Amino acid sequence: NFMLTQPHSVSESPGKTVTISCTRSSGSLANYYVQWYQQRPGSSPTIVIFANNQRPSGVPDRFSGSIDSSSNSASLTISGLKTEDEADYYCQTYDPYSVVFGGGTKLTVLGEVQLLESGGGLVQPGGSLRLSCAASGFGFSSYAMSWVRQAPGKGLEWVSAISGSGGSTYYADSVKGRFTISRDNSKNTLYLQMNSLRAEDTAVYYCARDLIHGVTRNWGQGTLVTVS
């Protein structure tokens, strides 16, 4: 597919203005929406910017997104830094087949929709396990869903996605062939079947609600899966 290259980390003083870049390796960046997410230590990833520059309600106007087609990259600009902004910042865009997150940029400051995951735990290498996602607060059948993982010591990694009706399924290369995504619109529950798990599959798996394919808007608490 493609890669999203971000700076590894950025460090600035409070009150300054910072810019985080996000370069797409293949395909025109202007053909697919770009989203920005903030993840604090031990916290669930929250959305800061979606649809290139659209800012949700609850995010101060000092956050802003922009796109540069000539460099095929997107930028999140945080004006007037403060201690609260200190977190990891991931960019995310998509292609007609997959969804990709960036490596993540660690920003250091110099000193209603509801998703519930379940089913995670300990399992042996080669065993099976299934997660569930209890959705509430919205028309579940009208929204595409997706699974996003975060391995310990790594960044956010997209796992799989499913359309609202359940007719279209997408998987990441590292997972495709072993996992199976499905959903039950009658019970507002989204499932992820996992078979033939490997040690690399140890991660926190988040439930994600997407306005359209590849534009995530809400995140769950995440469930911990360990294989040893």
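Numbers for residues come from their place in the sequence shown, where the first is 1.
J.: Quick one: classify how much of the deposited chain lacks coordinates between residue 111 and residue 112, choosing none, 1 to 3, 4 to 9, or 10 or more.
T.: According to the record, 10 or more deposited residues lack coordinates from residue 111 to residue 112.
J.: Please compare 184-192 with 26-34 and say which has the higher mean C-alpha temperature factor in the record.
T.: The stretch with the larger mean CA B-factor is 184-192.
J.: Using only the Cα atoms and their B-factors as the entry lists them, report which of 149-157 and 90-98 averages higher.
T.: The stretch with the larger average C-alpha B-factor is 149-157.
J.: Have a look at 79, 73, 105, 136 and flag the one whose Cα has the highest B-factor in the entry.
T.: It is 79.
J.: Could you tell me which one of 165, 52, 169, 57 shows the highest CA temperature factor in the PDB record?
T.: Highest CA B-factor of the listed options: 57.
J.: Please rank the C-alpha B-factors of the chain's modelled residues and tell me whether residue 144 sits in the lowest, middle or highest third.
T.: Answer is lowest: the recorded C-alpha B-factor places it there.
J.: Residue 3: which third of its chain by C-alpha temperature factor?
T.: Tercile = lowest for this residue's CA B-factor.
J.: Compared with the other modelled residues in the chain, in which third is the CA B-factor of residue 214?
T.: Tercile = lowest for this residue's CA B-factor.
J.: Using only modelled residues of the chain, where does the Cα B factor of residue 48 rank: lowest third, middle third or highest third?
T.: As the PDB entry reports it, the C-alpha B-factor of residue 48 lands in the middle third of its chain.
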